[PDB]
Each structure stands twice: as C-alpha cells, then as structure tokens.
Amino acid sequence: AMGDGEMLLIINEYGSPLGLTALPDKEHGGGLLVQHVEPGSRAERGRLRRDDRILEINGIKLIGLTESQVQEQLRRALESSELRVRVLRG
Amino acid sequence: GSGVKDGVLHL
C-alpha cells in the first residue's frame, strides 16, 4: 500500500547480535524506534537507520501488540534465517 | 534471548 514504508532485509546470524538498539515507540502509535545501528553490522547492511520506526517483522504487524508480545515476536523472528522488516524512515 | 533493559532492546 502507498504510505506503508520500506521493506528491508536483514540476514540473521544465529547467536550473534545484528547491531540494532531499539525502544518501544510510545509517542507515535507503536512499533519500535531505532536508536542506534552499529557500523558494519548486519542491520546496517540491511539499510536500517537511526529514527526508523519498525512497523512489522516477518509479516507480523507490531502496532496494537503489547510490549511483551512484541518482545516475543522478536524472539520468534530471531529463530529464522532472515528478518523482513518494514520501516517508516525518520 | 534477553538483551532487554527497561524496555530498550539490543538485537
């Protein structure tokens, strides 16, 4: 849909950080706000940037989910070989 | 996993 942001692909390395720091987006309707992306990381290579708002991970929409549900869906997604992440740019 | 610190997530 028009207005739905950009779909990014991050390759998952099992057991290794992807290089993302995020926090719940309290003020803007939900999702995760990217605070930092580590240089050279898998998240950086997948074109994640500071102030991205992550709306969806591997097809699971984050808006409307509780904070605990979002954490659970992250854990689930991190069992898979890659993360398909839909973002709105800052 | 749990890189979770007062709502902030490290992934």
Side-chain angles (χ1 to χ4, degrees), chain A residues 1-25 28-90, chain B residues 1-4 7-11:
Chain A
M2 305 182 62
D4 67 0
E6 319 186 21
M7 186 72 75
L8 307 181
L9 176 65
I10 300 174
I11 304 308
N12 190 21
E13 179 180 336
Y14 296 118
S16 300
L18 302 182
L20 185 61
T21 299
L23 57 104
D25 171 63
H28 302 93
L32 292 166
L33 186 60
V34 177
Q35 295 295 100
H36 191 252
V37 180
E38 299 303 329
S41 65
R42 299 200 187 270
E44 192 183 69
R45 296 297 175 76
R47 309 195 37 96
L48 272 178
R49 295 202 283 273
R50 177 174 167 82
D51 294 322
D52 285 348
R53 184 154 75 103
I54 295 166
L55 301 184
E56 183 176 344
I57 301 174
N58 288 357
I60 303 306
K61 285 183 194 181
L62 302 186
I63 287 169
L65 298 185
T66 74
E67 191 171 339
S68 175
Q69 283 180 303
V70 167
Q71 282 173 15
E72 182 49 40
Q73 296 308 129
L74 285 165
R75 287 186 199 101
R76 281 199 170 119
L78 289 166
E79 297 288 339
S80 74
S81 65
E82 63 195 31
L83 310 181
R84 296 164 306 283
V85 183
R86 184 165 60 86
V87 304
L88 283 179
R89 298 299 195 176
Chain B
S2 174
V4 184
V8 182
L9 305 174
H10 301 261
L11 290 85

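Keep in mind that the numbers below use all heavy atoms, side chains included, and drop hydrogens, waters and symmetry copies. Letters A, B, ... mirror the listed sequences (proteins, then strands); counts begin at 1.
- In this structure, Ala77(A) and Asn58(A) approach most closely via the heavy-atom pair CB-ND2, 3.8 Å.
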Could you go through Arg75(A) and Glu72(A), starting from their C-alpha distance and side-chain angles, then the distance that decides it, and tell me whether this counts as salt bridge (charged side-chain N to carboxylate O under 4.0 Å, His left out)?
CA-CA 5 Å; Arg75(A) 287 186 199 101; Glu72(A) 182 49 40; 3.7 Å; yes
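- Between the side chain of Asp25(A) and the backbone N or O of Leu33(A) there is no donor-acceptor pair closer than 3.5 Å.
- In this view, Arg84(A) and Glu82(A) satisfy the salt bridge (charged side-chain N to carboxylate O under 4.0 Å, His left out) rule, not counting sequence neighbours.
- The side chain to side chain contact (heavy atoms under 4.5 Å, CB included) search around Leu88(A) returns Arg53(A), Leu55(A), not counting sequence neighbours.
- Proximity of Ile11(A) to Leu18(A): side-chain heavy atoms (C-beta onward) are nowhere separated by under 4.5 Å.
- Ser81(A) meets the side chain to side chain contact (heavy atoms under 4.5 Å, CB included) test with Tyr14(A); sequence neighbours excluded.
- Taking all atoms of both residues into account, the shortest heavy-atom contact from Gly7(B) to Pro24(A) is O-CD, 3.2 Å.
- The heavy-atom pair separating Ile54(A) from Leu62(A) by the smallest distance is O-CD1, 3.7 Å.
- Remark: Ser16(A) OG to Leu11(B) CG distance equals 13.0 Å, nearest 0.5 Å.
- When the side-chain hydrogen bond (donor to acceptor under 3.5 Å, both in side chains) test is applied to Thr21(A), the partners found at least two apart in sequence or on another chain are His10(B).
- To the nearest 0.5 Å, the span separating CD on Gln71(A) from OG1 on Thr66(A) amounts to 8.5 Å.
- With sequence neighbours left out, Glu38(A) forms a salt bridge (charged side-chain N to carboxylate O under 4.0 Å, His left out) with no residue at all.
- Distance check, rounded to the nearest 0.5 Å: CZ of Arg76(A) to CD of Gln69(A) gives 10.0 Å.
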Quick one: side chains of residues 43-51 of chain A, donor-acceptor pairs under 3.5 Å with protein atoms, not counting sequence neighbours, listed by atom name and distance.
residue	atom	partner	partner atom	Å
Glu44(A)	OE1	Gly40(A)	N	2.7
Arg50(A)	NH1	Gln35(A)	O	2.8

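- Rounding to the nearest 0.5 Å gives a distance of 12.5 Å between CG of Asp52(A) and CZ of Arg86(A).
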